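J.: Here is the input, now give the coordinates:
(chains A and B)
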There are 2 protein chains.
Amino acid sequence: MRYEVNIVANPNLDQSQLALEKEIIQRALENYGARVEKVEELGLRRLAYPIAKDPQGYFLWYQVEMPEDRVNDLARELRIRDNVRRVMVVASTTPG
Amino acid sequence: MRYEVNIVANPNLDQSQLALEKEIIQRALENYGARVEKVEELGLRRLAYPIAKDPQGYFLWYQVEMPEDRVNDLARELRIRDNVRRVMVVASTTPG
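T.: Residues are numbered from 1 along each chain as shown, chains lettered A, B, ... in the order given. Here you go, the structure:
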């Protein structure tokens, strides 16, 4: 299945720390057997609506192909790190 | 400011109803004075992570240019309709 993986990392990291976080994510995708189809580094962005107390984050977006039964474990592995604040995974298709 | 507007509509609508919802959104963007730079109709998708009781939705994505002081009112106008389940607006830049 094709998925979009949206990651929000700590906005306060220096680029050396961010490089480590990005490397860890890519290694996790490969280690879980995902085929990585696109990586977009969106960078520092701000949630405007709804209203959050901590609206800034460092946004990363991945498009991947992988089996549905492996997605949950991957997502949880990605978010275990303290510098990964949020992970959201959307399947690009549904049964209907 | 440039914003990404992520809309999740009711996944159970027929295309006649969805056409009305899309027309309403575009009219609201124009009526609020946003410049609409891209419209992507992503269609029926499923939240895979985190786990939601109602994970399916009809996803729409807009990129717009508009003043920051008008975004909140626009977002609230967009979501007042029952068929618009979620609106999320992200500013593409931050002060830092």
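J.: Quickly find the element holding the closest residue to residue A:30 other than its chain neighbours.
T.: With sequence-adjacent residues excluded and distances taken as C-beta to C-beta, 6 or more residues apart in numbering or on different chains, residue A:30 is closest to residue A:36, at 7.3 Å. Any C-beta I mention is one placed from the backbone N, CA and C, and that applies to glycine too. Using DSSP states H and E, residue A:36 sits within strand A:35-49.
J.: what about residue A:6, how many neighbours?
T.: 17 (other C-beta atoms under 10 Å in any protein chain shown).
J.: whoops, I mixed them up, residue A:15
T.: Applying other C-beta under 10 Å, we find 8 residues neighbouring residue A:15.
J.: Report the separation between it and chain B.
T.: According to C-beta to the nearest C-beta, to the nearest Å, residue A:15 stands 13 Å off from chain B.
J.: Kindly report the same for residue A:28.
T.: Separation of residue A:28 from chain B (C-beta to the nearest C-beta) stands at 14 Å.
J.: residue closest to the middle of chain A?
T.: Centroid check for chain A by C-alpha atoms, centre = their mean gives residue A:7 as the closest residue, at 2.8 Å.
J.: Excluding sequence neighbours, find me the nearest residue to that one.
T.: residue A:60 (4.3 Å).
J.: The one you found contacts residue A:4, correct?
T.: No - in this structure, residue A:60 is not within contact of residue A:4 by C-beta atoms under 8 Å, at 11.2 Å.
J.: picking up where we left off before, any idea which helix or strand carries the residue nearest to residue A:7?
T.: Going by DSSP H and E, residue A:60 is part of strand A:56-65.
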